[PDB]
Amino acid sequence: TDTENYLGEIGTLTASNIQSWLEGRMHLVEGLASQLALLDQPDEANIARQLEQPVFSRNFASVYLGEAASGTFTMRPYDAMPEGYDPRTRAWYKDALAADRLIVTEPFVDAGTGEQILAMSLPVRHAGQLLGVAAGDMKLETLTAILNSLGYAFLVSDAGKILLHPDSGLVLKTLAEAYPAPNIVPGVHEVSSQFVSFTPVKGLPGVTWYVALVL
């Protein structure tokens, strides 16, 4: 009843921290879309100029626009993509269009670097016509560091998919795969035997994700 209160308080503060951090990144991606919709002439040079702002490289691994007309892909900071890369075939693109709003993706593998990332993406229209999908992505280790700024903490979806974990190998495993498992219910429960607490992250669009604390 006491160590339960204490884990409940740390889980709450841990969730509201990752919430604030992710929300700030969301806002920047929202503002990137509004900036691009505001271009009077949205040609390649103007799009690239908007993407080259240092605030984007300081706060994302990269930001980018996948264009609807022919798959033109502008990414800053720029590095190479695979031969025949077409952003329109990728989940961060197709899911932004299907949801018609900002989404936050589960982890995937960056097509250029092989790193594990997640993206925030949303459609960009100009005068009501689709320009493409704008996104920023961030490395999972960056997020995992935020989560574990102080036993340990990981991040897991409502369905049981591990999203962030100090053991990087456990990322994208199910909880049943990681612990051959506790049931995801908000609160604290005994499960070497350990305490494990689930706290929802508020404010995230389209997902229910939990901070898991292990003590």
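A residue's number is simply how far along the shown sequence it sits, counting from 1.
Where residue 150 is followed by residue 151 in the displayed chain, the model omits 4 to 9 of the deposited residues that sit between the two. The entry shows an unbroken chain from residue 169 to residue 170, with no unmodelled residues of the deposited sequence in between. Taking only CA atoms, the mean B-factor in the PDB entry is higher for 140-148 than for the other of 106-114 and 140-148. Higher mean CA temperature factor between 169-177 and 65-73: 169-177, per the PDB entry.
Looking at the C-alpha B-factors along this chain, the one for residue 34 belongs to the lowest third. Residue-level temperature factors show residue 55 in the lowest third of its chain, judged at the C-alpha atom. Residue 49: CA B factor in the middle third of modelled residues in this chain (values from the PDB entry). In the deposited entry, the Cα temperature factor of residue 155 places it in the middle third of its chain's modelled residues. Remark: residue 28 belongs to the lowest third of its chain, ranked by C-alpha B-factor as recorded.
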